[PDB]
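Okay, so here's just one chain, in structure tokens, the form deposited in one PDB entry.
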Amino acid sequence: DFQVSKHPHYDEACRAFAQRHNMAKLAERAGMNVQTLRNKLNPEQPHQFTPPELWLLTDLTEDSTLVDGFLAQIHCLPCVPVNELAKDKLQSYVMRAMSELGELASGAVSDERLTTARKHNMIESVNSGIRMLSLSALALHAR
């Protein structure tokens, strides 16, 4: 159930993001007036960033601090960047994601003391399965 956090995670990240970079230099990078940028980043001011303005600042600074605070306000984990190229076919990512998923189900179906070796060994299947799914989306965008 998606819910807004009871703490100001986003505005705390807006403040943290302000400490990490020069706002005057950043505003001149983005083409914004420095006061307009400071107010949209200031929890004291009702002005907010647009979704595209969040990417551009994220892209210009290479800093996920703002995006992580936006995500934390709805209990989302911080952004996990991806850098993937689909060499094979959409089909092939679907099938290989299930050696992972099947091995994930194999450890979850028998629930009696969850191991360290299995808890570890089921997480590659998660991480490898996630990689196959993200590769499925890119190969689906191709054709």
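Quick note: we count residues from 1 along the sequence shown, nothing fancier. Take the two forms, find the largest set of C-alpha atoms that superpose within 1.5 Å, and that set is the rigid core.
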{"property": "Mean Cα B-factor comparison, 103-111 or 25-33, giving the higher one as deposited", "result": "103-111"}
{"property": "Selected stretch [higher average CA B-factor]: 83-91 or 58-66", "result": "83-91"}
{"property": "C-alpha B-factor winner, where the candidates are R131, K119, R20, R15", "result": "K119"}
{"property": "Most elevated Cα B-factor in the entry, residues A97, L77, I74, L41", "result": "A97"}
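There is another form of this protein, the form deposited in another entry, and it is not shown here; the text below is about that form.
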item	value
Only residue that shifts (Cα, 2 Å or more, rigid core superposed) between this form and the one not shown, among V82, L114, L54, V94	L114
